[PDB]
Amino acid sequence: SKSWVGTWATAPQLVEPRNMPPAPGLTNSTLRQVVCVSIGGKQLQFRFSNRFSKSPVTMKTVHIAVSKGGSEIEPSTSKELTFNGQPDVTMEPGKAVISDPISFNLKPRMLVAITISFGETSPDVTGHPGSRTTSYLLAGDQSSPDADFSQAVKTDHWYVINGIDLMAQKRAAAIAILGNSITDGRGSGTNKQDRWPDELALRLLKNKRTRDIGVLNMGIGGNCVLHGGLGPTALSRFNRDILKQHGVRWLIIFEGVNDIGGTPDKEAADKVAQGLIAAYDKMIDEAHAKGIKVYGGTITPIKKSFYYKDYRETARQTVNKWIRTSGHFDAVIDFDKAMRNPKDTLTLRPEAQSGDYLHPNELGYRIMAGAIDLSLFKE
């Protein structure tokens with residue numbers, strides 16, 4: 001009568017050199033990370049990824065606890081994870097591991113501190129650079145609940161952690177979201193957990209009908225759908241990051257601006273527009289074959305940003321016209337109409353953007369989530 005449903009996830013990639021951990025590095029060190037769940041529950045599993053590493057990675061211990069802000073925890077809440085009964089586990093190159101199930105009082109929107117003490121690690125690190133959240137690193141094995149991190153090395157990235165799922169009855173389900181920096185939260189507040197999917201999670205949790213619906217943010221900063229970009233492309237990662245999640249009954253696709261932004265002329269931009277349309281249809285069909293409904297987000301404005309060219313704007317309009325009028329998506333989430341300036345509809349609302357006319361700010365992400373009709377998520 002219960003099955004696993006995702007409550008938090010982050011999309012993995014190979015970490016670029018500029019986003020690598022500062023000294024003292026992960027090997028033989030202890031890393032504390034904070035995540036903000038959506039739905040709550042009582043029995044959890046934790047997922048860790050080595051998908052983009054070519055060496056094994058050993059976690060000597062992993063503890064979970066309620067975060068009190070910053071690097072501090074509520075120590076009476078700390079619990080150790082196990083992997084086939086043992087505290088330590090080694091992830092094979094390119095593979096993930098899932099913890100044994102663990103009882104934990106997980107409340108909606110709880111901040112969970114995950115503390116990993118590592119043995120040997122891989123210099124090609126699997127992680128999520130755009131965490132929008134500070135992590136804390138100490139040399140050595142410092143896994144005690146009373147360990148002092150107040151002075152740990154700060155790094156605004158996530159490493160290794162991949163998901164939290166919980167056991168839930170049939171009414172619980174999750175929304176998975178595929179996107180780029182506009183979804184994983186560039187322009188959102190660091191440690192404020194206020195990316196647009198967070199704002200959606202908050203709206204769902206306060207609406208009694210949707211209170212058991214979780215949110216899985218699979219945005220990747222700089223991501224492309226078709227080719228290039230940062231991290232694996234959306235097409236490449238679709239099976240892992242979307243189809244293999246637990247309890248997903250809806251997918252939001254909101255991605256493609258980076259593909260358009262990378263084009264050097266009209267012919268390349270028109271080709272990208274058609275490629276994006278084809279990619280959307282492929283992903284829609286694959287999700288439908290797994291019983292998942294698919295909602296399409298219109299690509300938001302680019303004028304006044306570094307990406308703007310007249311031929312790129314034409315491609316953006318071609319894509320948005322197809323999203324709005326093809327009927328291939330099960331519904332349309334019109335982020336473009338929510339975010340565009342009423343007085344200059346080709347640009348973002350000035351007060352709702354981060355300064356670059358491409359990435360929204362916190363107000364903008366609130367506006368975006370507020371524009372989603374919650375009746376799209378029914379059981």
# chains A, B, ... in the order shown; residues from 1 in each chain; ligands from 1

$ select_by_dssp --residues "region 104-339 of chain A" --states "strand (DSSP E)" --output "PyMOL selection string"
chain A and resi 104-106+111-118+126-128+135-139+153-155+158-159+161-168+173-179+213-219+248-254+293-297+331-333

$ residues_around --residues "region 261-278 of chain A" --least-positions-apart "2" --cutoff "6 Å" --atoms "only C-alpha atoms" --output "list in words"
residues 257, 258, 259, 280, 281, 307, 311, 312, 315 and 319 of chain A

$ closest_residue --among "A:21, A:327, A:231, A:101" --to "residue 83 (chain A)" --atoms "only C-alpha atoms"
A:101

$ closest_residue --among "A:91, A:126, A:145, A:184" --to "residue 75 (chain A)" --atoms "only C-alpha atoms"
A:145

$ residues_around --residues "residue 169 (chain A)" --least-positions-apart "6" --cutoff "8 Å" --atoms "only C-alpha atoms" --output "short mmCIF file (atom, residue, chain, number, x, y, z; two decimals) with N, CA, C and O atoms, in the first residue's frame"
data_model
loop_
_atom_site.label_atom_id
_atom_site.label_comp_id
_atom_site.auth_asym_id
_atom_site.auth_seq_id
_atom_site.Cartn_x
_atom_site.Cartn_y
_atom_site.Cartn_z
N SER A 1 0.80 -1.22 0.00
CA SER A 1 0.00 0.00 0.00
C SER A 1 0.85 1.29 0.00
O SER A 1 0.32 2.37 -0.27
N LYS A 2 2.15 1.17 0.30
CA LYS A 2 3.07 2.29 0.15
C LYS A 2 4.16 1.96 -0.87
O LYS A 2 4.51 0.79 -1.08
N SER A 3 4.71 3.01 -1.48
CA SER A 3 5.81 2.89 -2.44
C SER A 3 6.64 4.15 -2.33
O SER A 3 6.21 5.15 -1.73
#

$ residues_around --residues "region 209-212 of chain A" --least-positions-apart "4" --cutoff "7 Å" --atoms "only C-alpha atoms" --output "list in words"
residues 39, 171, 172, 173, 204 and 205 of chain A

$ closest_residue --among "A:194, A:141, A:72, A:120" --to "residue 31 (chain A)" --atoms "only C-alpha atoms"
A:141

$ residues_around --residues "region 22-27 of chain A" --least-positions-apart "4" --cutoff "6 Å" --atoms "only C-alpha atoms" --output "MDAnalysis selection string"
chainID A and resid 118:121 139

$ write_last_selection --atoms "N, CA and C atoms" --output "compact mmCIF listing (two decimals), in the first residue's frame"
# COMPACT_ATOMS: atom_id res chain seq x y z
N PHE A 118 34.42 11.06 3.87
CA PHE A 118 34.92 10.32 2.71
C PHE A 118 36.23 9.62 3.02
N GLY A 119 36.47 8.49 2.35
CA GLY A 119 37.79 7.94 2.20
C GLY A 119 38.38 8.40 0.88
N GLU A 120 38.81 7.47 0.04
CA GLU A 120 39.29 7.86 -1.28
C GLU A 120 38.16 8.32 -2.18
N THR A 121 38.41 9.37 -2.95
CA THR A 121 37.42 9.95 -3.86
C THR A 121 38.01 10.07 -5.27
N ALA A 139 38.83 18.91 6.91
CA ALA A 139 39.72 17.77 6.78
C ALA A 139 39.46 16.78 7.90

$ closest_residue --among "A:199, A:260, A:320, A:245" --to "residue 226 (chain A)" --atoms "only C-alpha atoms"
A:260

$ residues_around --residues "residue 301 (chain A)" --least-positions-apart "4" --cutoff "10 Å" --atoms "only C-alpha atoms" --output "NGL selection string"
:A and (257 or 305 or 307-308 or 313 or 316-317 or 335-337 or 339-341 or 345-349 or 357-359)

$ atom_distance --atom1 "CA of residue 151 (chain A)" --atom2 "CA of residue 113 (chain A)"
16.3 Å

$ residues_around --residues "region 129-131 of chain A" --least-positions-apart "6" --cutoff "7 Å" --atoms "only C-alpha atoms" --output "PyMOL selection string"
chain A and resi 15+19+156-158+184+221

$ decode --residues "region 170-216 of chain A" --atoms "N, CA and C atoms" --output "PDB file, in the first residue's frame"
ATOM      1  N   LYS A 170      -0.921   5.937  -1.834  1.00  0.00           N
ATOM      2  CA  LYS A 170      -1.159   6.084  -3.261  1.00  0.00           C
ATOM      3  C   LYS A 170      -1.454   7.523  -3.657  1.00  0.00           C
ATOM      4  N   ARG A 171      -1.918   8.342  -2.723  1.00  0.00           N
ATOM      5  CA  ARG A 171      -2.227   9.732  -3.034  1.00  0.00           C
ATOM      6  C   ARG A 171      -0.987  10.617  -3.219  1.00  0.00           C
ATOM      7  N   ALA A 172       0.192  10.120  -2.849  1.00  0.00           N
ATOM      8  CA  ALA A 172       1.399  10.918  -2.966  1.00  0.00           C
ATOM      9  C   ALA A 172       2.054  10.683  -4.324  1.00  0.00           C
ATOM     10  N   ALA A 173       2.623  11.734  -4.886  1.00  0.00           N
ATOM     11  CA  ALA A 173       3.226  11.654  -6.212  1.00  0.00           C
ATOM     12  C   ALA A 173       4.178  12.814  -6.287  1.00  0.00           C
ATOM     13  N   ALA A 174       4.943  12.869  -7.366  1.00  0.00           N
ATOM     14  CA  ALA A 174       5.940  13.905  -7.544  1.00  0.00           C
ATOM     15  C   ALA A 174       5.857  14.496  -8.947  1.00  0.00           C
ATOM     16  N   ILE A 175       6.242  15.744  -9.014  1.00  0.00           N
ATOM     17  CA  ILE A 175       6.460  16.471 -10.271  1.00  0.00           C
ATOM     18  C   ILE A 175       7.951  16.520 -10.520  1.00  0.00           C
ATOM     19  N   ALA A 176       8.402  16.096 -11.699  1.00  0.00           N
ATOM     20  CA  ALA A 176       9.803  16.229 -12.069  1.00  0.00           C
ATOM     21  C   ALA A 176       9.922  17.405 -13.035  1.00  0.00           C
ATOM     22  N   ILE A 177      11.007  18.168 -12.927  1.00  0.00           N
ATOM     23  CA  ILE A 177      11.152  19.401 -13.687  1.00  0.00           C
ATOM     24  C   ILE A 177      12.502  19.412 -14.381  1.00  0.00           C
ATOM     25  N   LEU A 178      12.486  19.539 -15.691  1.00  0.00           N
ATOM     26  CA  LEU A 178      13.687  19.558 -16.497  1.00  0.00           C
ATOM     27  C   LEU A 178      13.931  20.984 -16.937  1.00  0.00           C
ATOM     28  N   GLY A 179      15.114  21.513 -16.658  1.00  0.00           N
ATOM     29  CA  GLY A 179      15.431  22.875 -17.049  1.00  0.00           C
ATOM     30  C   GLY A 179      16.904  23.218 -16.927  1.00  0.00           C
ATOM     31  N   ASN A 180      17.185  24.513 -17.064  1.00  0.00           N
ATOM     32  CA  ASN A 180      18.549  25.067 -17.062  1.00  0.00           C
ATOM     33  C   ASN A 180      18.693  25.955 -15.813  1.00  0.00           C
ATOM     34  N   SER A 181      19.549  26.986 -15.855  1.00  0.00           N
ATOM     35  CA  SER A 181      19.786  27.851 -14.693  1.00  0.00           C
ATOM     36  C   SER A 181      18.531  28.558 -14.229  1.00  0.00           C
ATOM     37  N   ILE A 182      17.597  28.814 -15.146  1.00  0.00           N
ATOM     38  CA  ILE A 182      16.368  29.511 -14.752  1.00  0.00           C
ATOM     39  C   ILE A 182      15.544  28.599 -13.865  1.00  0.00           C
ATOM     40  N   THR A 183      15.782  27.305 -13.891  1.00  0.00           N
ATOM     41  CA  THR A 183      15.091  26.362 -13.024  1.00  0.00           C
ATOM     42  C   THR A 183      15.939  25.956 -11.836  1.00  0.00           C
ATOM     43  N   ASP A 184      17.232  25.689 -12.017  1.00  0.00           N
ATOM     44  CA  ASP A 184      18.020  25.368 -10.843  1.00  0.00           C
ATOM     45  C   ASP A 184      18.403  26.584 -10.012  1.00  0.00           C
ATOM     46  N   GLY A 185      18.080  27.787 -10.450  1.00  0.00           N
ATOM     47  CA  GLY A 185      18.013  28.907  -9.527  1.00  0.00           C
ATOM     48  C   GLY A 185      19.066  29.986  -9.568  1.00  0.00           C
ATOM     49  N   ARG A 186      19.725  30.252 -10.698  1.00  0.00           N
ATOM     50  CA  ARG A 186      20.607  31.414 -10.746  1.00  0.00           C
ATOM     51  C   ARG A 186      19.753  32.658 -10.526  1.00  0.00           C
ATOM     52  N   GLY A 187      20.152  33.520  -9.604  1.00  0.00           N
ATOM     53  CA  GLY A 187      19.362  34.666  -9.247  1.00  0.00           C
ATOM     54  C   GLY A 187      18.500  34.466  -8.011  1.00  0.00           C
ATOM     55  N   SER A 188      18.327  33.233  -7.573  1.00  0.00           N
ATOM     56  CA  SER A 188      17.649  32.947  -6.310  1.00  0.00           C
ATOM     57  C   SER A 188      18.627  33.192  -5.153  1.00  0.00           C
ATOM     58  N   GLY A 189      18.122  33.293  -3.930  1.00  0.00           N
ATOM     59  CA  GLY A 189      18.976  33.619  -2.793  1.00  0.00           C
ATOM     60  C   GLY A 189      19.739  32.403  -2.272  1.00  0.00           C
ATOM     61  N   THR A 190      21.031  32.546  -2.081  1.00  0.00           N
ATOM     62  CA  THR A 190      21.833  31.445  -1.547  1.00  0.00           C
ATOM     63  C   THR A 190      21.373  31.148  -0.136  1.00  0.00           C
ATOM     64  N   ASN A 191      21.109  29.860   0.121  1.00  0.00           N
ATOM     65  CA  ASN A 191      20.600  29.363   1.391  1.00  0.00           C
ATOM     66  C   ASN A 191      19.165  29.779   1.653  1.00  0.00           C
ATOM     67  N   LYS A 192      18.464  30.337   0.685  1.00  0.00           N
ATOM     68  CA  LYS A 192      17.075  30.752   0.880  1.00  0.00           C
ATOM     69  C   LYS A 192      16.096  29.752   0.274  1.00  0.00           C
ATOM     70  N   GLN A 193      16.565  28.760  -0.459  1.00  0.00           N
ATOM     71  CA  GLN A 193      15.748  27.697  -1.024  1.00  0.00           C
ATOM     72  C   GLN A 193      14.511  28.289  -1.683  1.00  0.00           C
ATOM     73  N   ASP A 194      14.720  29.184  -2.654  1.00  0.00           N
ATOM     74  CA  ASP A 194      13.627  29.948  -3.237  1.00  0.00           C
ATOM     75  C   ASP A 194      13.749  30.020  -4.763  1.00  0.00           C
ATOM     76  N   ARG A 195      14.226  28.939  -5.352  1.00  0.00           N
ATOM     77  CA  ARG A 195      14.121  28.688  -6.775  1.00  0.00           C
ATOM     78  C   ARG A 195      12.643  28.560  -7.147  1.00  0.00           C
ATOM     79  N   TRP A 196      12.283  28.715  -8.427  1.00  0.00           N
ATOM     80  CA  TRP A 196      10.847  28.637  -8.730  1.00  0.00           C
ATOM     81  C   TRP A 196      10.251  27.279  -8.354  1.00  0.00           C
ATOM     82  N   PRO A 197      10.950  26.142  -8.481  1.00  0.00           N
ATOM     83  CA  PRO A 197      10.319  24.883  -8.029  1.00  0.00           C
ATOM     84  C   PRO A 197      10.091  24.846  -6.539  1.00  0.00           C
ATOM     85  N   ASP A 198      10.938  25.511  -5.749  1.00  0.00           N
ATOM     86  CA  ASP A 198      10.673  25.642  -4.320  1.00  0.00           C
ATOM     87  C   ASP A 198       9.402  26.416  -4.060  1.00  0.00           C
ATOM     88  N   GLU A 199       9.228  27.501  -4.790  1.00  0.00           N
ATOM     89  CA  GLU A 199       8.032  28.306  -4.636  1.00  0.00           C
ATOM     90  C   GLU A 199       6.792  27.523  -5.042  1.00  0.00           C
ATOM     91  N   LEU A 200       6.904  26.670  -6.057  1.00  0.00           N
ATOM     92  CA  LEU A 200       5.811  25.784  -6.416  1.00  0.00           C
ATOM     93  C   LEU A 200       5.533  24.797  -5.285  1.00  0.00           C
ATOM     94  N   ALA A 201       6.586  24.200  -4.729  1.00  0.00           N
ATOM     95  CA  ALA A 201       6.408  23.261  -3.627  1.00  0.00           C
ATOM     96  C   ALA A 201       5.640  23.907  -2.490  1.00  0.00           C
ATOM     97  N   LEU A 202       5.972  25.155  -2.154  1.00  0.00           N
ATOM     98  CA  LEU A 202       5.294  25.864  -1.087  1.00  0.00           C
ATOM     99  C   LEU A 202       3.820  26.027  -1.402  1.00  0.00           C
ATOM    100  N   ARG A 203       3.494  26.393  -2.650  1.00  0.00           N
ATOM    101  CA  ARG A 203       2.092  26.548  -3.043  1.00  0.00           C
ATOM    102  C   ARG A 203       1.350  25.223  -2.944  1.00  0.00           C
ATOM    103  N   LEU A 204       1.974  24.134  -3.379  1.00  0.00           N
ATOM    104  CA  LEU A 204       1.329  22.828  -3.313  1.00  0.00           C
ATOM    105  C   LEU A 204       1.042  22.440  -1.871  1.00  0.00           C
ATOM    106  N   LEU A 205       2.007  22.689  -0.969  1.00  0.00           N
ATOM    107  CA  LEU A 205       1.895  22.206   0.394  1.00  0.00           C
ATOM    108  C   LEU A 205       0.836  22.965   1.158  1.00  0.00           C
ATOM    109  N   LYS A 206       0.571  24.178   0.777  1.00  0.00           N
ATOM    110  CA  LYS A 206      -0.449  24.898   1.495  1.00  0.00           C
ATOM    111  C   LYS A 206      -1.839  24.761   0.944  1.00  0.00           C
ATOM    112  N   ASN A 207      -1.959  24.185  -0.226  1.00  0.00           N
ATOM    113  CA  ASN A 207      -3.238  23.869  -0.845  1.00  0.00           C
ATOM    114  C   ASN A 207      -3.613  22.447  -0.440  1.00  0.00           C
ATOM    115  N   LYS A 208      -4.650  22.307   0.392  1.00  0.00           N
ATOM    116  CA  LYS A 208      -4.932  21.009   1.006  1.00  0.00           C
ATOM    117  C   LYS A 208      -5.014  19.888  -0.035  1.00  0.00           C
ATOM    118  N   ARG A 209      -5.624  20.145  -1.183  1.00  0.00           N
ATOM    119  CA  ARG A 209      -5.759  19.078  -2.167  1.00  0.00           C
ATOM    120  C   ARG A 209      -4.415  18.539  -2.657  1.00  0.00           C
ATOM    121  N   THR A 210      -3.392  19.389  -2.767  1.00  0.00           N
ATOM    122  CA  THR A 210      -2.111  19.005  -3.350  1.00  0.00           C
ATOM    123  C   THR A 210      -1.025  18.797  -2.297  1.00  0.00           C
ATOM    124  N   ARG A 211      -1.405  18.610  -1.039  1.00  0.00           N
ATOM    125  CA  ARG A 211      -0.420  18.622   0.035  1.00  0.00           C
ATOM    126  C   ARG A 211       0.507  17.414  -0.007  1.00  0.00           C
ATOM    127  N   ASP A 212       0.161  16.357  -0.748  1.00  0.00           N
ATOM    128  CA  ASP A 212       1.019  15.182  -0.848  1.00  0.00           C
ATOM    129  C   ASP A 212       1.772  15.107  -2.163  1.00  0.00           C
ATOM    130  N   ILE A 213       1.952  16.222  -2.834  1.00  0.00           N
ATOM    131  CA  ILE A 213       2.645  16.264  -4.116  1.00  0.00           C
ATOM    132  C   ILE A 213       4.026  16.871  -3.914  1.00  0.00           C
ATOM    133  N   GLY A 214       5.064  16.098  -4.221  1.00  0.00           N
ATOM    134  CA  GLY A 214       6.436  16.569  -4.098  1.00  0.00           C
ATOM    135  C   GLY A 214       6.976  17.133  -5.387  1.00  0.00           C
ATOM    136  N   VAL A 215       8.158  17.742  -5.287  1.00  0.00           N
ATOM    137  CA  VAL A 215       8.774  18.460  -6.396  1.00  0.00           C
ATOM    138  C   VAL A 215      10.233  18.061  -6.506  1.00  0.00           C
ATOM    139  N   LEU A 216      10.618  17.596  -7.701  1.00  0.00           N
ATOM    140  CA  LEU A 216      11.979  17.141  -8.012  1.00  0.00           C
ATOM    141  C   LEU A 216      12.585  18.093  -9.039  1.00  0.00           C
TER     142      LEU A 216
END
